[PDB]
Amino acid sequence: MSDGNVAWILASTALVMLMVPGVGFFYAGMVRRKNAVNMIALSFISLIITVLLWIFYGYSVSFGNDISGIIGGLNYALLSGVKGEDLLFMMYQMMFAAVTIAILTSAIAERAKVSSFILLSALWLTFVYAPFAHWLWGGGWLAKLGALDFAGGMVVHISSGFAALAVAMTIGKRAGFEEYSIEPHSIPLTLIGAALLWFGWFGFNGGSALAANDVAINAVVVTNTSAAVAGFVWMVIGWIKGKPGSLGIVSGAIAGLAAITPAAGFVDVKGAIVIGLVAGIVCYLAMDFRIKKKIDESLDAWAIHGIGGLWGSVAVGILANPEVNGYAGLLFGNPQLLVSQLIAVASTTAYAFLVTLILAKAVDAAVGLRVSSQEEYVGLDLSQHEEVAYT
Amino acid sequence: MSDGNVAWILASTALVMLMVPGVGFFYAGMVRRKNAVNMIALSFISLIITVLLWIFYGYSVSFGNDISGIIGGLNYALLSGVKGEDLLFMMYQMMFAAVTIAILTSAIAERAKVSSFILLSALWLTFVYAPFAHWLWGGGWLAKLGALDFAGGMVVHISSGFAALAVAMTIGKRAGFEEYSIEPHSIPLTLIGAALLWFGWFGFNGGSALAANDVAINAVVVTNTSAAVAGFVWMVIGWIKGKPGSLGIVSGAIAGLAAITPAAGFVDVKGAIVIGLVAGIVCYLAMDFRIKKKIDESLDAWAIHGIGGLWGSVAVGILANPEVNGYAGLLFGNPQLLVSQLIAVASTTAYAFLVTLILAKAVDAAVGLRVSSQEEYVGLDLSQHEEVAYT
Amino acid sequence: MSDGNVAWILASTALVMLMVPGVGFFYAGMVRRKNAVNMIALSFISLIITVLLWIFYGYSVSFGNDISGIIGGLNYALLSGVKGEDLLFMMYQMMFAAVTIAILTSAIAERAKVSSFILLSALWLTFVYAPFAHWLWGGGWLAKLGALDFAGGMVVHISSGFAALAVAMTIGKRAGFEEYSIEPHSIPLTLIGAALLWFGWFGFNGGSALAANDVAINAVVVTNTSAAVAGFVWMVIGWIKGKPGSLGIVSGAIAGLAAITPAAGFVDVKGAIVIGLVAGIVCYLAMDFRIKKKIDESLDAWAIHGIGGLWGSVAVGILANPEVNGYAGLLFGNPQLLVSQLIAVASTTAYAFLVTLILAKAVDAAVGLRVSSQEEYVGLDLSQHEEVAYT
Ligand SMILES: [Xe]
Ligand SMILES: [Xe]
Ligand SMILES: [Xe]
Ligand SMILES: [Xe]
Ligand SMILES: [Xe]
Ligand SMILES: [Xe]
Ligand SMILES: [Xe]
Ligand SMILES: [Xe]
Ligand SMILES: [Xe]
Ligand SMILES: [Xe]
Ligand SMILES: [Xe]
Ligand SMILES: [Xe]
Ligand SMILES: [Xe]
Ligand SMILES: [Xe]
Ligand SMILES: [Xe]
Ligand SMILES: [Xe]
Ligand SMILES: [Xe]
Ligand SMILES: [Xe]
Ligand SMILES: [Xe]
Ligand SMILES: [Xe]
Ligand SMILES: [Xe]
Ligand SMILES: [Xe]
Ligand SMILES: [Xe]
Ligand SMILES: [Xe]
Ligand SMILES: [Xe]
Ligand SMILES: [Xe]
Ligand SMILES: [Xe]
Ligand SMILES: [Xe]
Ligand SMILES: [Xe]
Ligand SMILES: [Xe]
Ligand SMILES: [Xe]
Ligand SMILES: [Xe]
Ligand SMILES: [Xe]
Ligand SMILES: [Xe]
Ligand SMILES: [Xe]
Ligand SMILES: [Xe]
Ligand SMILES: [Xe]
């Protein structure tokens, strides 16, 4: 119970929900005007399909009775037997799933069939997210190995980042991706999405303590810290490479946010500083590398969330401070934690990429992921929604 | 008291406030570029005029000493004698009134005099809202008959929906409403308003428990449920009728949100599913019907809130689950609740429509509701605000 | 401790953070399309540089051990020795600093070097904000004289308002400021920023009680009151002077918000009414005066926050109601409070203006504040960020 604790998590749940459309705007501003509605619409659909699957069985498969430590049962299907605290928990977690699917839409920007997205999205929820959530937070085998993930560096960031990479590769580059660079139609729209993501992350990392306590407070402090540091890094890089674009600055902060998520509740401020410092560097390099290889993993869910989540989940095993939340990492005389994290990160990264790959091809073969080239031409707002963003 | 309870309601109050401009954006994106500022401006004015009337006497007339069970006294004028908890309550409720007036602006889109709006708006607050709030939440006669309305299916949705229909009919169609269909100038702007409405509804329905407790938690769960279901319905309908526009999807979710509001704290998840399922269907049919009849109830406050609120208030008498919050409906061996709801819905729907009708004509006759046709031509941003939305 | 209290402040911190980009949007909509990204980007950078300086030493210099009652020590550098409650406090306050720097960007709209801004901004934080925060909230000499500032009428509004005036004068008018009046490129964008500022102020004033208690509740009530009153005033003025623009309406509300901030937790509703009534009048006159004198203090941080904060800080000494929060002003038989406020307002206004003036010239001489005239021509989005707002 604890009224303050329910108050805070009630709030945190509202805050994470906001992050879903928040992703839609963040992404929409980066795509062409002819796909603006589609990019946002996608985040909204993600929310809708997630709520339904989560209640239906998604929540159960994640936190229901464990089987072979890799998945939960159906004892909670249609929330059968979920009450009081569990209901709030079920809800808070529901929102984590939704955001994950939204981040994912990075890989299909400007060229996917909504129906295929819904289909692939529902399957990914079932065979990738639910499993991960269970492995780490539902008493799964990874939790058993002693792995940790405070707010979802793996469950959310690694999964979407790598799943997005696989999907990007499966669906193929956007027409002209190579010959010409696509221009953002509304940076301000993206910045509005960015502001909503920073604001909502308070509930994300800070709500992960499941109580208005000291852990949450620490999570909030380090979360803002890692974010500022990584934002500063991309600002210096941008300057060093020419001019400090705003897109670079917010993408830098987001990298810092993703990296700190798995560790928000275990590390101290100084650790938050290195986590963010490194995240800015690696994610940026990751972005350049993915770009160099000509992969159209469009809005860098991979380079930023995939990579940012990976480093952070690992950094947890290095910097976990017993002083902060009991746990300790290598730096604090505990080699084991690092091993558990390495194992965890290894498994989750490989699974997310390979299984997503399978799923994409499966759906692609079964129904086809991409829209016709002419639809891609006139834009998905018109072709997939029969709508027009602006007039 | 209870710090957690005050914390949560403090938050819920901020969340409902956000919904007012949230309505302005939601609507603004649906009107032409020449009326964008006006559509938003209206929601802002609604907030301002409401705060002032509420404190002045609005709050008192709603929750002050009852007279003949149909209205409250002036014992709270200028909040005379309102302290501690009451102050917080007074505030939370103030925000409910504001949102109501904002939804209402649906019926006057692109052709009303701000001054007339303020006037009509202030009168509606006095003779429609305050009464309704008192009847149901201020110990009025409807409460006596045993009627219920958890978060405002009647007090807020039915009232605005039907009052909007009356006003729409009084003010007349927009020039060209018939010959040509008006196009939204910025769907993304509307989606931003939509995201703000979903997010704020957490405080709306979830804050209606007046405590960070299990009822609130249930309200939050079912609220998201009804919303997802109804959003899914309009998505299928849209697909079935062609393409799934984003406007249809969010209007579907909103229908689900309005329908669940009166019941958020009394029904279970399965009930939330039927409430949303049905809401999507009826509101959509209502929209088509209002359209068929050529009524320019512009942004479907009526079809969506009016109808969505009506069904939901009734559904309360059918699905109220004793298990959930003590109360039971027909389905749970209690025919009475249904009768109280039917009576309640009957009275509130008829009053809102007829009294609003009177008020509109009165103001129209006294000062005139509509702008000149040339002002309608150049747009109200320019003619009513001497401003220009975009450059 | 108190879970509800931590819950509420956790929320309030997220809410104040939102206000930073909220300022960016509010301002961005008022500048030309070619500077939109820059105006927003600035608010984001403010956040980033503040978080870093605050932790680094900013927080310590403000609330660390006092020396000669005018500044704090370094006992908290890198948050050395800051834990539990202090951490939350440190965070909440961090956000106050960030917002302050953002408001400030009013004076440099459309013509400053980001690098110079960062530099000047970091120096201002150190020698103006930290001092003020310490003087009033860190047990500084002003607190000793018995001065009060509930949510920052002086620490935040007076400081930014006057510092903005000085900077405006130092950097010089925008090319063409005189011959032609600059037009807002997106009023709706500004209104989105305005809605975010009203919403976040709940955490600002309401969170300043540092507990989900009666003071917070009162702060929230009066905050909404002063805001509505001042918004109404500018609405009447606008009408009286022609048409009620939306920009005028929100600027009016903001004036009311700034004026009530220093008093949010000490006055009653009736006092909130006069504070807002007067604020609307003075700030408007201040705006006209600053305009008359041809000063390009661009987005009226001065006329609105500077002046609004000044009046409010003074009004505190006149209306403080013992009934409300123990303290009493002149009107309540206590001449002393007024004197402490007058002294406080006198010192803070003079310091902010003169020291900022020094700092501006210093940086200007050291590196130069303004961009080349050609950069000003093509716009800072392109020249300072190598980006383009819309396509
Ligand atoms: Xe994102
Ligand atoms: Xe999903
Ligand atoms: Xe699922
Ligand atoms: Xe929980
Ligand atoms: Xe897809
Ligand atoms: Xe996907
Ligand atoms: Xe961000
Ligand atoms: Xe931000
Ligand atoms: Xe928001
Ligand atoms: Xe995210
Ligand atoms: Xe955060
Ligand atoms: Xe890659
Ligand atoms: Xe609405
Ligand atoms: Xe009103
Ligand atoms: Xe009223
Ligand atoms: Xe309350
Ligand atoms: Xe009107
Ligand atoms: Xe109205
Ligand atoms: Xe919505
Ligand atoms: Xe949404
Ligand atoms: Xe609404
Ligand atoms: Xe909700
Ligand atoms: Xe109708
Ligand atoms: Xe809260
Ligand atoms: Xe919140
Ligand atoms: Xe501002
Ligand atoms: Xe700063
Ligand atoms: Xe600082
Ligand atoms: Xe605090
Ligand atoms: Xe500057
Ligand atoms: Xe500055
Ligand atoms: Xe927003
Ligand atoms: Xe505002
Ligand atoms: Xe607002
Ligand atoms: Xe502000
Ligand atoms: Xe507020
Ligand atoms: Xe001035």
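- For chain A, the PDB entry supplies the name ammonium transporter and the organism Archaeoglobus fulgidus.
- Per the header of the deposited record, the title is "Ammonium Transporter Amt-1 from A. fulgidus (Xe)".
- Check the Subcellular location section of the UniProt entry for chain A; it says "Cell membrane".

1. Examining the overall build of chain A
Here comes step 1: Scanning chain A for helices and strands turns up 15 helices and two strands.
Here comes step 2: In summary, chain A has a C-alpha radius of gyration of 20 Å against a globular reference of 21 Å for 391 residues, a match within 12%.
Here comes step 3: Its C-alpha atoms put chain A at 55 × 55 × 35 Å along the principal axes.
Here comes step 4: Looking at chain A residue by residue over its 391 residues, the buried ones come to 70%.

2. Observations concerning the interface of chain A and chain C
Here comes step 1: Contact with chain A, which involves 44 residues of that partner, is made by 48 residues of chain C.
Here comes step 2: Carbon and sulfur atoms supply 81% of the area that chain A and chain C bury against each other, a total of about 3,600 Å² over both sides.
Here comes step 3: Broken down residue by residue, the surface that chain A buries against chain C is led by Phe 199, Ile 217 and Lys 243 of chain A, which jointly contribute 16%.
Here comes step 4: Put simply, chain A and chain C have zero salt bridges between them.
Here comes step 5: Applying the counting rule to chain A against chain C returns eight residue pairs in polar contact.
Here comes step 6: Taken together, the elements giving at least two residues each to the side of chain A that touches chain C come down to α1 (3–28), α7 (187–207), α8 (214–240), α9 (246–260) and α10 (269–292) of chain A.
Here comes step 7: Considering every element that reaches the side of chain A that touches chain C, the biggest residue donor is α8 of chain A, with 13 residues.
Here comes step 8: Split by residue class, the side of chain A that touches chain C holds 28 nonpolar, 11 polar and five charged.

3. Considerations on the packing of helix α8 (residues 214–240) of chain C against helix α10 (residues 269–292) of chain C
Residue and element names in this part refer to chain C.
Here comes step 1: Between α8 and α10, the shortest axis-to-axis distance is 8 Å and the interhelical angle comes to 40°. When the interaxial angle is binned, α8 and α10 end up oblique. By crossing handedness, the relation of α8 to α10 is classed as right-handed. Residue-level contacts link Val 222, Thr 225, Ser 226, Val 229, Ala 230, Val 233, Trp 234 and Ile 237 of α8 to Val 269, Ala 272, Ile 273, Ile 275, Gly 276, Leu 277, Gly 280, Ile 281, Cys 283, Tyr 284 and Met 287 of α10.
Here comes step 2: The class makeup of the residues in the contact of α8 with α10 is 15 nonpolar, four polar and no charged.

4. Let's talk about the packing of aromatic side chains
The description of an aromatic ring pair rests on the distance of the ring centres and on the angle between the ring planes.
Here comes step 1: Under the definition given, this model contains 66 aromatic pairs over all chains.
Here comes step 2: Seen in terms of ring centroids, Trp 54 of chain B and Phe 63 of chain B are 6.3 Å apart; in terms of plane orientation they differ by 70°. Their pairing is edge-to-face. Considered together, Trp 54 of chain B and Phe 63 of chain B belong to a single accessibility category, that of buried residues.
Here comes step 3: Arranged with centres 6.3 Å apart and planes meeting at 80°, the rings of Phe 162 of chain C and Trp 302 of chain C form a pair that is edge-to-face. A residue pair is termed long-range when its members are at least 10 positions apart, and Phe 162 of chain C in helix α6 (residues 153–171) and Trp 302 of chain C in helix α11 (residues 301–319) qualify at 140 residues. Pair check on accessibility: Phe 162 of chain C and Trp 302 of chain C agree, each one buried.
Here comes step 4: When the ring centre of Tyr 377 of chain B is taken as reference, the NZ or CZ atom of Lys 34 of chain B above it lies at 5.6 Å.

5. Thoughts on the side chain of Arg 111 of chain A
Residues and elements named next belong to chain A.
Here comes step 1: Within the secondary structure layout, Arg 111 lies in the loop between α3 (85–104) and α4 (114–137).
Here comes step 2: One buried charge, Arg 111, has no salt-bridge partner; the nearest side chain with opposite charge is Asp 296, at 4.2 Å.
Here comes step 3: Reaching out from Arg 111, the side chain makes a polar contact with the backbone oxygen of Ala 107 at a distance of 3.1 Å.
Here comes step 4: From its side chain, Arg 111 meets the backbone oxygen of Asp 296 in a polar contact 3.0 Å long.
Here comes step 5: Residue contacts for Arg 111: discarding those within four places in its chain leaves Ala 168, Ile 171, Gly 172, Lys 173, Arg 174, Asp 296, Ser 298, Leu 369, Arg 370, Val 371, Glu 376 and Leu 380.

6. What about the relation of the copies chain A and chain C?
Here comes step 1: The operation relating chain A to chain C is a screw motion whose rotation component is 120°, with 0.0 Å of axial translation and a residual RMSD of 0.0 Å. This pairing of chains is accounted for by a three-fold axis. Relative to the rotation axis, the closest C-alpha in chain A is found at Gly 4 of chain A, a distance of 2.0 Å.
Here comes step 2: Little of the interface of chain A is mirrored in chain C, where only 9% of its interface residues are also at the interface.

7. Details of the interface of chain C and chain B
Here comes step 1: Facing 44 residues of chain C, the contacting portion of chain B comprises 48 residues.
Here comes step 2: Here chain C packs against chain B, burying approximately 3,700 Å² in sum over the two surfaces, 81% of which is carbon and sulfur.
Here comes step 3: Together, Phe 199, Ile 217 and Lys 243 of chain C form the three largest contributors to the area buried by chain C at its contact with chain B, with a combined 15%.
Here comes step 4: Counting the contacts that link chain C with chain B gives eight residue pairs in polar contact.
Here comes step 5: At 13 residues, the largest contribution of residues to the side of chain C that touches chain B is made by α8 of chain C.
Here comes step 6: Partitioning the side of chain C that touches chain B into residue classes produces 28 nonpolar, 11 polar and five charged.

8. Thoughts on helix α8 (residues 214–240) of chain B
Residue and element names in this part refer to chain B.
Here comes step 1: Between its terminal C-alpha atoms α8 stretches 39 Å, which fits the 39 Å expected from 27 residues at 1.5 Å a residue.
Here comes step 2: Most of α8 sits inside the fold, with 22 of its 27 residues counted as buried.
Here comes step 3: Residue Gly 242 follows α8 closely and has a positive phi angle near 145°.

9. Remarks on the pattern of salt bridges
Here comes step 1: In total, this model carries 15 salt bridges over all chains according to the counting rule given.
Here comes step 2: Where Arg 174 of chain B meets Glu 110 of chain B, a salt bridge forms, and the shortest distance between an N and an O atom there is 3.1 Å. Of the two residues, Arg 174 of chain B is situated in the loop between α6 (153–171) and α7 (187–207) and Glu 110 of chain B in the loop between α3 (85–104) and α4 (114–137); the sequence distance between them amounts to 64 residues.
Here comes step 3: Taking relative accessible area as the criterion, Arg 174 of chain B reaches 7% and is therefore assigned buried.
Here comes step 4: Note that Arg 290 of chain C and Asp 300 of chain C form a salt bridge whose closest N and O atoms lie 2.7 Å from each other. In this pair, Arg 290 of chain C is assigned in helix α10 and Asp 300 of chain C in the loop between α10 and α11, connecting sequence segments 10 residues apart. With respect to burial, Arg 290 of chain C and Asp 300 of chain C carry one shared label: buried.
Here comes step 5: Each of the salt bridges in this network shares a partner with another, and the network as a whole consists of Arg 32, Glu 110, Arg 174 and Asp 296 of chain A.

10. Things to note about α7 of chain B
Here comes step 1: With 21 residues, α7 of chain B ought to run about 30 Å at 1.5 Å a step, and its terminal C-alpha atoms sit 29 Å apart, in line with that.
Here comes step 2: Its axis deflected by about 35° at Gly 200 of chain B, α7 of chain B carries its strongest bend there.

11. A closer look at unusual backbone geometry
It is generally the case that most residues other than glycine have a negative phi and that most peptide bonds are trans.
Residue and element names in this part refer to chain A.
Here comes step 1: In this structure, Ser 68 is a non-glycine residue whose phi angle is positive, near 50°.
Here comes step 2: Residue position: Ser 68 is located in the loop between β1 (66–67) and β2 (71–72).
Here comes step 3: The exposed category is assigned to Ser 68, whose relative accessible area is 67%.
Here comes step 4: Residue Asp 300 is not a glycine yet carries a positive backbone phi of 50°.

12. So, the relation of the copies chain C and chain B
Here comes step 1: Its rotation angle being 120°, the transformation that places chain C on chain B also includes 0.0 Å of axial translation and leaves an RMSD of 0.0 Å.
Here comes step 2: Comparing interface residues between copies, only 9% of those in chain C also sit at the interface in chain B, which points to a heterologous contact through distinct surfaces.

13. Concerning the side chain of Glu 110 of chain C
Residues and elements named next belong to chain C.
Here comes step 1: On the accessibility criterion, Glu 110 (1% relative accessible area) is buried.
Here comes step 2: Looking at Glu 110, its side chain comes within polar contact range of the side chain of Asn 35, at 2.8 Å.
Here comes step 3: A polar contact is formed between the side chain of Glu 110 and the side chain of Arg 174, at a distance of 3.1 Å.
Here comes step 4: With near-sequence residues (within four places) excluded, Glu 110 lies in contact with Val 31, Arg 32, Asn 35, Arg 174, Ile 182, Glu 376 and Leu 380.

Scoring rules and cut-offs
Residues numbered from 1 in each chain as written, not as in the entry; some residues may be left out. Chains lettered and ligands numbered in written order. Heavy atoms only, no water. UniProt positions renumbered as here; feature names shortened; annotations may be inferred. Helix = DSSP H or I, 4+ residues; strand = E, 2+ residues; numbered from the N terminus. Rg over C-alpha atoms; globule rule 2.2 N^0.38 Å. Buried < 20%, exposed > 50% of the residue type's maximum accessible area, 1.4 Å probe, protein only. Contact = heavy atoms within 4.5 Å. Buried area = accessible area lost by both parts, 1.4 Å probe. Salt bridge = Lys/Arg side-chain N within 4 Å of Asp/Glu carboxyl O. Polar contact = N/O pair within 3.5 Å; in protein donor to acceptor, adjacent residues only side chain to side chain. Nonpolar A, V, L, I, M, F, W, Y, C, P; charged D, E, K, R; others polar. Axes fitted to C-alpha atoms, helices over the stretch in contact; angles between N-to-C directions. Parallel < 35°, antiparallel > 145°, perpendicular 65-115°, else oblique. Left-handed = near helix turned anticlockwise from the far one by under 90°. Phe/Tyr/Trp six-rings, centres within 6.5 Å; stacked < 30°, edge-to-face > 60°. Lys NZ or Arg CZ within 6 Å of the ring centre and 35° of its normal. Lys, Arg positive; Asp, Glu negative; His and termini not counted. Least-squares fit on C-alpha atoms. Expected span 1.5 Å × (residues − 1). Bend = angle between axes of the 7 residues up to and from the residue.

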